[PDB]
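This document starts with one chain, in the form deposited in one PDB entry, laid out as structure tokens.
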């Protein structure tokens, strides 16, 4: 690799210089001859002593460099203490300061996230003292209450104990803390959210009694210390929701749509200094298109384009009439209107992409770069009238990071 890589914005002509890519840590999947950039994903295999040493040192060095104490006595002592501990226990524990730094930087490093202008403002909840699923339930409830804040949403992460031997993992089996159930019908239709059919079925087998409605908040399915997972009902008063209405179309409310206020993804893995936090639910606030375009208008999701287009009395026989495009806009108008009216934090795709460009420029200037995944950063509607469409980006993997992990029901050893 060369020392300097340049990116260009084809709308503004601004050119930025990236040097941070030199700290790249893992493979992208791309090679010299193929690009895997549109590929979505390109047990007791735990880190050996030898594999762990340099990964720990790398992180510790980076941490002390960030607090302007690189090469200090405290730095050297921390290094030695981490080494001793890896040597005698085959693992090590992070200091609270290091945990907070690591969590914030995994967000900062998350190439697919358009919301990272916010990265340094993250409430970190240290849950490494947790031992049971009931305890996990307590921590998650507190997280949800704090992050929701009566609609004035605050970004937050709760971190449970790291992996040891791979047979004692903490996991949240939910993909997000709050999601709606989906039920496959005998006739092939789906009630509720089709995205969540598999996990809904799992909950039902585990003993969940389903209301069988369109917007049933799923139970938490929580695994502590590698034991079998356990079911819990989130208190309904902790689940903030927004009825979707349209500022012009009075009939829009009659669709009976609502969505939940807090996006809180719970199936990802947090890696810091070679340590693996398999349960680390984190939450921010929504970009409207996430609900209005994907959740509602994806064919294999709620798929309401048809019903909305009908109520708008559009010609639905020619694709070239753009009836889908027109309905898509009104739905996203309704979603933003309904959240803003109920004073629940939400950001539109124009504002968010504009902030991200400012953020990326600042990062290039003060950090020497900003990894970014164009395929994910550009919003799912109106792509080219947002500033990120014309922005060249470089994608690469920095650590600490958030990673994908297999679904736990595919790996769990039932006791």
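Numbering follows the first chain given and starts at 1. Each form is matched to the other, and the largest set of C-alpha atoms that superpose within 1.5 Å is called the rigid core. Residues that one form lacks are left out of the comparison.
What comes next is about the form deposited in another entry, which does not appear here.
Of the candidates 257, 144, 297, 287, the Cα that moves 2 angstroms or more after core superposition between this form and the one not shown belongs to 297 alone. In that other deposited form, the Cα positions of residue 302 and residue 309 lie at least 3 Å nearer to each other than in the form displayed. Relative to this form, in that other deposited form the C-alpha atoms of residue 191 and residue 292 approach one another by 3 angstroms or more. Once the core is fitted, the segment that moves between this form and the one not shown, counting only runs of three or more residues with each CA displaced by at least 2 angstroms, is 292 to 303 alone.
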